[PDB]
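# Descriptive analysis of the structure
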Amino acid sequence: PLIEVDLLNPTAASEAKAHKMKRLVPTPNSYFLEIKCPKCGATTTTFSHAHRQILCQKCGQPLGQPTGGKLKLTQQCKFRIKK
Amino acid sequence: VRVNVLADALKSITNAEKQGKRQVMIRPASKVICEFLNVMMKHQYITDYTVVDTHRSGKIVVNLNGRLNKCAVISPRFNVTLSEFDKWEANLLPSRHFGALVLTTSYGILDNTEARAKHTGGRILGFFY
Amino acid sequence: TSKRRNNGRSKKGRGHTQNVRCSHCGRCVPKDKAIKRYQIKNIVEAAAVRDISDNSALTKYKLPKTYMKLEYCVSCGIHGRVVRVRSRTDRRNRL
Amino acid sequence: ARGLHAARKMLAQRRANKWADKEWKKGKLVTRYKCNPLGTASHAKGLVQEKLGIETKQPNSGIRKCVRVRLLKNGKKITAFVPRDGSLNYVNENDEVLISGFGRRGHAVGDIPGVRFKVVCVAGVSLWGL
Amino acid sequence: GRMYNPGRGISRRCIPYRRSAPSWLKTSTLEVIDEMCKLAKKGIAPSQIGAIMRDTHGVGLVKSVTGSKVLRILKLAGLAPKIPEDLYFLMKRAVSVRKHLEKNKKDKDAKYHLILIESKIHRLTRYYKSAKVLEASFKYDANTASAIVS
RNA sequence: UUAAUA
RNA sequence: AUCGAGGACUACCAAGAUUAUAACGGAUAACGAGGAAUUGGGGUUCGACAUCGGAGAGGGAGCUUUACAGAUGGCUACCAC
RNA sequence: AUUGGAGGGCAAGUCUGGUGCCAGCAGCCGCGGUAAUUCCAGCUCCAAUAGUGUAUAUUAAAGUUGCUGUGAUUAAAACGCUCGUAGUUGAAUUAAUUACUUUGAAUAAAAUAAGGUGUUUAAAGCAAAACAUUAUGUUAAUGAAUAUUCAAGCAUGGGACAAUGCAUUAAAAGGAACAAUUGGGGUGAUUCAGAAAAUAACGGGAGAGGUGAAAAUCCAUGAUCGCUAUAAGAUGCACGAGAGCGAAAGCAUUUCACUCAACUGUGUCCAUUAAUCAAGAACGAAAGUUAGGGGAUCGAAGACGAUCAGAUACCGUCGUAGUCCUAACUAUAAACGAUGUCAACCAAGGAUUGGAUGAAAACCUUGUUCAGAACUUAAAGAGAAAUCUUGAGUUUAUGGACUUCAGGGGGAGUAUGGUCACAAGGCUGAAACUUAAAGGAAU
């Protein structure tokens with residue numbers, strides 16, 4: 001670009017827009033989360049971009065469907081980000 | 001494929017200065033790339049540089065100040081005998097007072113002036129005006 | 001040398017295209033290189049539309065049109081005045 | 001092959017590419033000893049047998065006087081110019097002459113129709129001083 | 001770019017800048033090893049074994065927990081397959097294409113891609129022999145691979 | 001429709 | 001056998017040796033080197049001939065004397081003179 | 001004091017007498033057809049000078065043989081494309097040899113460079129003297145340190161960059177796996193369409209084709225035309241695009257299988273497995289060949305009719321091989337982007353194809369980002385220019401890796417030799433001789 005920004009201190013917004021690899025220090029866009037079951041109270045921890053059917057550990061209200069890039073959680077499944 | 005990382009770095013730096021850019025980024029960092037920059041700093045051709053660690057042979061950001069006309073690497077690093085110095089400078093450098101070669105020797109990576117002082121030859125890396 | 005950047009064709013990401021027949025010469029030209037024009041006309045000329053409408057056996061029958069796509073080789077497009085030879089700097093205009 | 005250990009191909013490429021030099025190949029292949037009436041010799045001697053006159057090229061007009069010579073070393077038959085003005089009258093028949101080249105021009109040179117050799121002696125001294 | 005076609009994609013994974021296990025992870029190496037150990041006995045490739053742990057057990061990187069890679073873990077337990085996983089899957093595709101080619105003799109694109117696949121096999125087999133993974137007596141043959149791959 | 005050469 | 005190593009030669013045994021990093025062949029108007037001519041650097045071409053090494057005495061071959069020769073301003077035989 | 005010259009290259013005469021496209025000069029361009037700056041002479045001066053012209057060859061010029069150092073879109077020149085061995089080149093990373101580098105050892109002179117020395121200078125020689133007025137004395141005088149010097153061999157200090165050695169990470173290197181897709185990618189079967197033409201039946205009753213005008217031809221055995229029925233061959237309109245897929249050639253009715261490839265997504269695996277590649281190997285339009293089937297349309301050859309001075313052609317009618325399928329050959333194209341493959345950096349945009357990800361309720365409108373075929377602007381970079389900008393840019397400030405090809409135009413992709421093919425032909429492939437131009441972009 002003709003106009004140039006600092007290459008050591010990129011903004012929070014600028015790094016978020018960039019590709020997951022083309023950042024200053026590459027970081028994954030994925031995360032680990034747990035899903036409370038609709039059927040029971042147990043929380044099953046799983047990858048954000050899981051590539052298989054996600055079942056509860058108790059039963060199996062299947063909690064997610066793998067769809068080419070991110071888990072398709074059911075509309076009644078609530079999750080939080082595991083930090 | 002990336003055969004010479006130093007060649008990629010010096011082409012990035014030369015391209016940045018022709019466009020007048022303030023700072024440039026080099027993706028693969030090496031010991032040899034760092035040594036070449038240190039030689040260029042001692043002659044005050046680049047202000048400074050910083051090295052970020054990406055756990056994957058991290059990146060280098062170099063600050064340029066309107067002084068580096070051209071830094072280029074030299075393909076296969078010829079074994080430069082001490083008697084072949086002035087033959088190389090007469091070919092690669094603009095005059096007898098302006099530029100400096102870069103050589104890798106057993107005493108480290110040094111330019112032609114102090115390698116002559118230390119009385120040691122070695123493979124030639126590159127140059128800069 | 002190269003009078004045109006696209007070589008007079010419309011083929012970019014392929015190696016071969018099927019042939020079509022010139023509507024006037026019968027020549028074989030590739031589908032992209034052919035000069036394609038579309039025609040939509042009534043089956044009755046502007047003079048005779050009044051005559052047909054006068055003595056008709058139908059209430060308000062609307063006259064149909066004819067639709068056909070005509071493809072011309074370069075030689076028969078220039079000769080038939082379908083396209084003209086343009087200026088060197090006016091060749092680039094694609095509108 | 002610009003590498004440090006790539007000296008085999010670099011040396012072998014110049015061997016092959018040097019054979020495309022028209023001026024260099026001609027001086028190396030075996031043709032100067034078979035297809036050259038003069039040979040390596042700068043000058044050659046022969047016997048005059050016929051006095052000839054060759055018409056010049058289209059943009060010129062006139063007759064180029066010359067002689068037909070039978071060389072001693074080989075036995076070939078050639079044609080030789082007779083330098084400056086009126087030097088053909090000085091050349092007799094069945095006598096030894098010294099034949100010596102010309103420049104080389106576009107191969108042929110100065111009597112136009114294919115002649116490439118000029119008589120420098122008539123037994124005597126010179127088809128100069130003569 | 002790719003080895004055999006002019007395609008050029010950069011679809012990669014991005015390891016985070018944290019070589020240690022995350023704070024919220026509590027399972028020790030004993031559970032990780034045995035859970036991985038049970039999966040190996042079921043006939044699962046090492047690449048798929050790690051994915052199952054990541055998706056189900058939340059152990060996304062095994063080297064961050066146990067300090068050693070999956071293949072090193074499997075070798076210590078002796079459950080590493082004799083034929084390396086990447087080479088095994090390549091010979092599984094060469095067999096499958098060849099079987100289709102027996103009935104469809106006129107398929108000229110399958111013959112080309114079978115040639116590319118077998119060239120890959122000879123590249124991997126040569127490398128693994130220099131790495132001493134495969135004994136020098138190993139050799140890929142069409143008449144033989146149908147049985148071992150099966 | 002036909003129109004060769006210097 | 002030789003002054004002596006050695007397929008240098010003999011007897012028996014085995015199937016080995018060289019090759020795309022160019023073997024085996026073909027050409028040279030080819031004796032090799034120190035060197036010579038011309039060259040900004042790199043190079044290109046030449047070197048029968050001062051000096052060092054090799055080979056030859058019209059063509060091969062075989063020998064004598066002797067410390068040293070397969071000698072030829074030594075010998076024997078054949079070919080051409 | 002001679003040799004060569006006085007149009008240009010190239011310093012020197014637009015002086016005078018003859019010669020009249022003749023004689024001739026002329027290395028190249030060229031001058032000479034009667035007023036020659038170039039011929040033959042006279043005078044003058046131009047260069048060098050005891051030397052000066054000519055002829056052949058070496059070197060420089062030649063960055064027209066390239067390591068330093070060339071060119072390949074259009075001037076000559078990127079294999080049709082992919083796979084592939086030798087060869088070449090190979091990411092970052094660690095506080096026994098070889099290679100590299102520094103010093104030497106040892107190594108014939110002459111020669112080269114270079115130290116001293118008034119052979120009267122100089123080329124030479126390695127001697128002579130400088131002064132001691134020299135026998136005495138410097139003096140037991142000089143010998144250039146005389147240095148080289150490449151490719152090997154020996155020793156020594158260093159281990160940065162490298163090769164063979166024998167345990168780091170997880171490359172916007174590569175490969176594998178999985179999830180969701182994309183694909184006129186390929187193969188097989190199935191299946192739809194009606195144009196053209198053929199046949200059957202019926203109506204009609206004199207023309208129809210074809211052309212610039214006609215003619216040859218078809219028709220009263222009922223043609224052209226109209227409707228309805230059939231059975232094969234071939235084809236796959238409109239949708240169809242500077243859109244998609246494929247290594248290239250190439251790929252278009254819809255269904256079902258069998259495959260394959262790629263993109264995207266990934267806290268999945270391996271850990272350098274990579275790039276380019278002589279020899280070698282798959283695929284390779286159309287035409288052509290061999291043997292079956294099919295044979296509708298068109299149609300090299302051929303036969304007619306026109307046109308023309310002629311017409312073996314263009315125009316019209318008929319029509320064999322062929323065009324179509326199966327099996328096997330052939331291996332060539334303006335096989336083109338006339339632009340090799342891989343990799344890095346790189347000015348402003350708008351749009352599009354396939355994903356991922358937010359917002360706005362599959363389809364569509366927007367933000368970001370990855371991959372693909374392209375397009376527009378440039379006072380900038382490059383180039384001989386046209387033009388190139390997802391390079392033909394980062395190149396006299398010349399070097400990222402590898403392979404192929406070119407050396408003025410012809411002769412000529414010809415002859416011969418070798419090899420492949422049933423054949424046509426394909427791959428490799430000169431020389432003699434000839435010639436000052438041939439050629440590229442622009443006004």
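Going by the structure above, here's the rest.
What this report covers is the structure whose coordinates are included nearby. (Residues numbered from 1 in each chain as written, not as in the entry; some residues may be left out. Chains lettered and ligands numbered in written order. Part of a larger assembly, values for the part shown. Heavy atoms only, no water.)

For the four pairs of chains in contact, the maximum contact count is reached by chains A and E. Between chain A and chain D there is no contact, and the shortest C-alpha to C-alpha distance separating them is 33 Å. The closest approach of any C-alpha atom in chain D to one in chain E is 23 Å; the two make no contact. (Contact = heavy atoms within 4.5 Å.)

Here we take up the packing of helix α1 (residues 29–41) of chain E against helix α2 (residues 46–57) of chain E. Residue and element names in this part refer to chain E. The contact between α1 and α2 brings their axes to 10 Å, and the two run at 125 degrees. Compared by their axis directions, α1 and α2 come out oblique. Crossing handedness for the pair α1 and α2: right-handed. Packed against α1, whose contacting residues are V32, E35, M36, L39 and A40, the element α2 presents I49, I52, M53 and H57 at the interface. Of the residues belonging to the contact of α1 with α2, the class tally is seven nonpolar, one polar and one charged. (Axes fitted to C-alpha atoms, helices over the stretch in contact; angles between N-to-C directions. Helix = DSSP H or I, 4+ residues; strand = E, 2+ residues; numbered from the N terminus. Parallel < 35°, antiparallel > 145°, perpendicular 65-115°, else oblique. Left-handed = near helix turned anticlockwise from the far one by under 90°. Nonpolar A, V, L, I, M, F, W, Y, C, P; charged D, E, K, R; others polar.)

Inspection of the region around RNA strand G gives D:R8, D:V30 and D:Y33 as its neighbouring residues. If you look at RNA strand G and keep only atoms within 4 Å of the protein, 50% of those are sugar or phosphate atoms. (Near = heavy atom within 4 Å.)

Contact residues are listed per partner, giving four residues for chain B and four residues for chain E. Summed over both sides, the interface of chain B with chain E buries roughly 400 Å², with 45% coming from carbon and sulfur. Broken down residue by residue, the surface that chain B buries against chain E is led by B:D53, B:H55 and B:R56, which jointly contribute 97%. On inspection of chain B and its partner chain E, the count reaches zero salt bridges. Between the two partners, chain B and chain E, sit three residue pairs in polar contact. Among the residues making up the side of chain B that touches chain E, the classes are represented as no nonpolar, two polar and two charged. (Buried area = accessible area lost by both parts, 1.4 Å probe. Salt bridge = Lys/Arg side-chain N within 4 Å of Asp/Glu carboxyl O. Polar contact = N/O pair within 3.5 Å; in protein donor to acceptor, adjacent residues only side chain to side chain.)

Right, let's talk about the protein's contact with RNA strand H for a bit. Residues in close proximity to RNA strand H total 179 residues, the closest being A:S30, D:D85, D:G110, E:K63 and E:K106. Side-chain polar atom of B:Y129 to a sugar or linking oxygen of RNA strand H: 3.3 Å apart, as the coordinates give it. In the model, a phosphate oxygen of RNA strand H is placed 2.4 Å from a nitrogen or oxygen of the D:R116 side chain. Looking at the surface near RNA strand H element by element, the count peaks at 13 residues for helix α6 (residues 108–130) of chain E. Of the residues belonging to the surface near RNA strand H, the class tally is 58 nonpolar, 63 polar and 58 charged.

Attention now moves to the pattern of salt bridges. What the rule picks out here adds up to nine salt bridges over all chains. Residue B:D86 is joined to B:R116 by a salt bridge in which the shortest nitrogen-to-oxygen separation is 3.4 Å. Taken together, the positions of B:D86 in helix α3 (residues 85–92) and B:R116 in helix α4 (residues 112–118) put the pair 30 residues apart, joining distant regions of the chain. On the accessibility criterion, B:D86 (45% relative accessible area) is partly exposed. Judged by its relative accessible area of 36%, B:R116 is partly exposed. Salt bridges here are not isolated pairs; linked through shared partners, they connect A:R52, E:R54 and E:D55. (Buried < 20%, exposed > 50% of the residue type's maximum accessible area, 1.4 Å probe, protein only.)

A separate point is helix α4 (residues 70–77) of chain E. Residue and element names in this part refer to chain E. If you check which residues of α4 are buried, you get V70, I73 and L74. Down the axis of α4, the buried side of the element spans an arc of 95 degrees, and every buried residue falls inside it. Here the buried face of α4 lies against α1, α2 and α3 (63–66). Looking one or two places after α4, you find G78, whose phi comes out positive at around 75 degrees. (Arc of directions from axis to C-beta.)

This part covers the interface of chain A and chain E. Residue-level contacts link 18 residues of chain A with 17 residues of chain E. Our count for the contact surface shared by chain A and chain E stands at one salt bridge. The residue A:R52 makes a salt bridge to E:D55 at a minimum N-O spacing of 2.7 Å. Summed over the shared surface of chain A and chain E, the number is four residue pairs in polar contact. Considering each element in turn, the side of chain A that touches chain E owes the most residues, three residues, to strand β2 (residues 43–47) of chain A. Looking at side-chain class alone, the side of chain A that touches chain E contains eight nonpolar, six polar and four charged residues.

By themselves, these figures tell us nothing about what the structure is for.
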